[PDB]
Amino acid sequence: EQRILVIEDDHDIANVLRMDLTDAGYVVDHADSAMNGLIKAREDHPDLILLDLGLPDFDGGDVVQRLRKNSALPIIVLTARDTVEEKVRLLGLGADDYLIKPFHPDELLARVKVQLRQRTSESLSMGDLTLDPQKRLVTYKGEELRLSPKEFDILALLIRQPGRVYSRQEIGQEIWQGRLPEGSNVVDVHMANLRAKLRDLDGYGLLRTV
């Protein structure tokens, strides 16, 4: 049974989400505040996080960012702002997917299912870089590496076809499966983070320091 953390300050909505998700065979835990959410996210070992917006956006964005902070956990954000800008903001800040309010319980079960679907291939490799597309685990130079789900999926996409160069639109379409509006910076921002977590500093010698 997969576990879901619901971070929702509106208690009526939290209850409805609990009923609906529980009825689908998920174990559900509730956090009534951004702070309780951060704490449970780090301790309860959830398989997925649902986050419904209620703060000003400096805080709200910070929350998404903090939950995203070196975490492999998928995050879905509920928003009432039905705009291209909002979708680009959330995916850019590290949400794996958004859901526009108001919505039907089935729209929710569907997005949730996408995020929690069973793995695929075996461990991928390229030199001493290894990805296990199941534990969503990756190691490089012996050192285990913490990628977000989208970082992981992008790295996997590149490694499966090493000689291939994908266009921004190609990666956007493949990785977010239609959910990311075109023309944005989201792919670039994810690449920049991938380079930072992976790219080797210049210099190679027999002795190499890190």
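We number the residues from 1 along the sequence you see.
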{"property": "Which of 168-176 and 41-49 has higher mean CA B factor, as the PDB entry lists it", "result": "41-49"}
{"property": "Per the entry, higher mean C-alpha B factor between 57-65 and 141-149", "result": "57-65"}
{"property": "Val186, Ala192, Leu17, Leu201, ranked by C-alpha B-factor: the highest one", "result": "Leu201"}
{"property": "Relative C-alpha B-factor of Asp106, binned into the chain's lowest, middle or highest third", "result": "highest"}
{"property": "Ranked C-alpha temperature factor of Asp96 among modelled chain residues, by third", "result": "lowest"}
{"property": "Ranked C-alpha temperature factor of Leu206 among modelled chain residues, by third", "result": "lowest"}
{"property": "Chain thirds of CA B-factor: placement of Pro74", "result": "lowest"}
{"property": "Where the record places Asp128 (Cα B-factor, split into thirds across the chain)", "result": "lowest"}
